[PDB]
Amino acid sequence: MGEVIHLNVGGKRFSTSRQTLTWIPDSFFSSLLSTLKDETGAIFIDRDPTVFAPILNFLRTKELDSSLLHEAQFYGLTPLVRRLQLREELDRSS
C-alpha cells in the first residue's frame, strides 16, 4: 500500500512517499499530486535543491533539523513555516 514518488529538484534526486508529501494540505505538493517529468519519469520541481533536503526530512520526521523559511513559504508548508517563525520568536532579545 502507498505510492513511491521520485522527485528531481533542480537536478538533485529525492525519493519519498505520497503520504509524506501530502500530510500538509493545500501545499505546493498537494497540488502537484492532485506536471512535468524528466527522462526517468521523476516529477520535476524547478527550484534550487540546496535546502530541499532539510524540508524533506521535516516532512518525514515531523521535527526540525533564512533560506529554509523562504523555501518552506514557497512550498506552502504551513506547520514548518510556523515552527521556523516561532524559533525566531524564541531567540528574540527585544
# chains A, B, ... in the order shown; residues from 1 in each chain; ligands from 1
>>> select_by_dssp(residues="segment 23-91 of chain A", states="strand (DSSP E or B)", output="PyMOL selection string")
chain A and resi 37+43-45
>>> write_last_selection(atoms="N, CA and C atoms", output="mmCIF file, in the first residue's frame")
data_model
loop_
_atom_site.group_PDB
_atom_site.id
_atom_site.type_symbol
_atom_site.label_atom_id
_atom_site.label_comp_id
_atom_site.auth_asym_id
_atom_site.auth_seq_id
_atom_site.Cartn_x
_atom_site.Cartn_y
_atom_site.Cartn_z
ATOM 1 N N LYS A 37 7.736 15.960 -15.948
ATOM 2 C CA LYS A 37 8.579 14.829 -15.555
ATOM 3 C C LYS A 37 9.864 14.823 -16.352
ATOM 4 N N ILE A 43 9.102 13.334 -11.061
ATOM 5 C CA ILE A 43 8.439 14.631 -11.088
ATOM 6 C C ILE A 43 9.486 15.725 -10.924
ATOM 7 N N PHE A 44 9.497 16.675 -11.862
ATOM 8 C CA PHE A 44 10.484 17.758 -11.839
ATOM 9 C C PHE A 44 9.951 18.981 -11.125
ATOM 10 N N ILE A 45 10.751 19.465 -10.184
ATOM 11 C CA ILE A 45 10.489 20.689 -9.439
ATOM 12 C C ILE A 45 11.600 21.686 -9.765
#
>>> residues_around(residues="segment 77-81 of chain A", least_positions_apart="2", cutoff="12 Å", atoms="only C-alpha atoms", output="JSON, numbers by chain")
{"A": [20, 21, 22, 23, 24, 25, 26, 27, 28, 29, 30, 54, 55, 56, 57, 58, 59, 60, 61, 62, 63, 64, 65, 66, 67, 68, 69, 70, 71, 72, 73, 74, 75, 83, 84, 85, 86, 87, 88]}
>>> write_last_selection(atoms="C-alpha atoms", output="mmCIF file, in the first residue's frame")
data_model
loop_
_atom_site.group_PDB
_atom_site.id
_atom_site.type_symbol
_atom_site.label_atom_id
_atom_site.label_comp_id
_atom_site.auth_asym_id
_atom_site.auth_seq_id
_atom_site.Cartn_x
_atom_site.Cartn_y
_atom_site.Cartn_z
ATOM 1 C CA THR A 20 4.990 12.375 3.280
ATOM 2 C CA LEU A 21 4.244 14.927 0.544
ATOM 3 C CA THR A 22 0.529 15.293 1.313
ATOM 4 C CA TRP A 23 0.008 15.335 5.106
ATOM 5 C CA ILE A 24 0.135 19.158 4.919
ATOM 6 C CA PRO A 25 -2.954 20.185 2.990
ATOM 7 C CA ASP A 26 -3.199 22.869 0.294
ATOM 8 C CA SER A 27 0.570 22.932 -0.280
ATOM 9 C CA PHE A 28 2.616 23.080 -3.434
ATOM 10 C CA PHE A 29 2.902 19.294 -3.224
ATOM 11 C CA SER A 30 -0.824 18.785 -2.580
ATOM 12 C CA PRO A 54 16.038 19.634 5.313
ATOM 13 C CA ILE A 55 12.495 20.360 4.011
ATOM 14 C CA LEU A 56 12.039 16.714 3.023
ATOM 15 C CA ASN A 57 13.411 15.466 6.318
ATOM 16 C CA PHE A 58 10.984 17.694 8.221
ATOM 17 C CA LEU A 59 8.106 16.256 6.170
ATOM 18 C CA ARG A 60 9.338 12.769 7.074
ATOM 19 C CA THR A 61 10.209 13.165 10.749
ATOM 20 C CA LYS A 62 7.858 15.992 11.766
ATOM 21 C CA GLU A 63 10.826 17.631 13.581
ATOM 22 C CA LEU A 64 13.268 20.391 12.667
ATOM 23 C CA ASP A 65 16.909 19.909 11.712
ATOM 24 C CA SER A 66 16.668 32.277 6.429
ATOM 25 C CA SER A 67 16.563 30.414 3.126
ATOM 26 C CA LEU A 68 14.849 27.398 4.717
ATOM 27 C CA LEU A 69 11.961 29.579 5.871
ATOM 28 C CA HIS A 70 11.647 31.196 2.461
ATOM 29 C CA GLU A 71 11.521 27.828 0.660
ATOM 30 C CA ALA A 72 9.035 26.486 3.203
ATOM 31 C CA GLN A 73 6.847 29.514 2.450
ATOM 32 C CA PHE A 74 7.107 28.890 -1.282
ATOM 33 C CA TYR A 75 6.055 25.266 -0.909
ATOM 34 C CA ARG A 83 7.681 26.465 13.737
ATOM 35 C CA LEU A 84 10.535 28.312 11.980
ATOM 36 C CA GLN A 85 8.936 31.718 12.685
ATOM 37 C CA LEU A 86 8.415 30.716 16.335
ATOM 38 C CA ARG A 87 12.064 29.652 16.530
ATOM 39 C CA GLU A 88 12.857 33.257 15.634
#
>>> select_by_dssp(residues="chain A", states="alpha helix (DSSP H)", output="PyMOL selection string")
chain A and resi 18-22+28-32+52-61+67-74+78-91
>>> closest_residue(among="A:11, A:76, A:4, A:92", to="residue 39 of chain A", atoms="only C-alpha atoms")
A:11
>>> residues_around(residues="segment 14-16 of chain A", least_positions_apart="4", cutoff="6 Å", atoms="only C-alpha atoms", output="PDB file with N, CA and C atoms, in the first residue's frame")
ATOM      1  N   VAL A   4       5.325   5.322  -4.032  1.00  0.00           N
ATOM      2  CA  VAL A   4       6.664   5.946  -4.020  1.00  0.00           C
ATOM      3  C   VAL A   4       6.694   7.033  -5.080  1.00  0.00           C
ATOM      4  N   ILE A   5       7.136   8.213  -4.679  1.00  0.00           N
ATOM      5  CA  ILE A   5       7.238   9.390  -5.538  1.00  0.00           C
ATOM      6  C   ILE A   5       8.713   9.747  -5.705  1.00  0.00           C
ATOM      7  N   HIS A   6       9.173   9.759  -6.950  1.00  0.00           N
ATOM      8  CA  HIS A   6      10.521  10.209  -7.263  1.00  0.00           C
ATOM      9  C   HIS A   6      10.472  11.648  -7.718  1.00  0.00           C
ATOM     10  N   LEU A   7      11.324  12.448  -7.103  1.00  0.00           N
ATOM     11  CA  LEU A   7      11.420  13.863  -7.410  1.00  0.00           C
ATOM     12  C   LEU A   7      12.777  14.182  -7.999  1.00  0.00           C
TER      13      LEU A   7
END
>>> closest_residue(among="A:12, A:18, A:94, A:48", to="residue 34 of chain A", atoms="only C-alpha atoms")
A:18
>>> atom_distance(atom1="atom CA of residue 50 of chain A", atom2="atom CA of residue 33 of chain A")
22.3 Å
>>> atom_distance(atom1="atom CA of residue 31 of chain A", atom2="atom CA of residue 8 of chain A")
16.6 Å
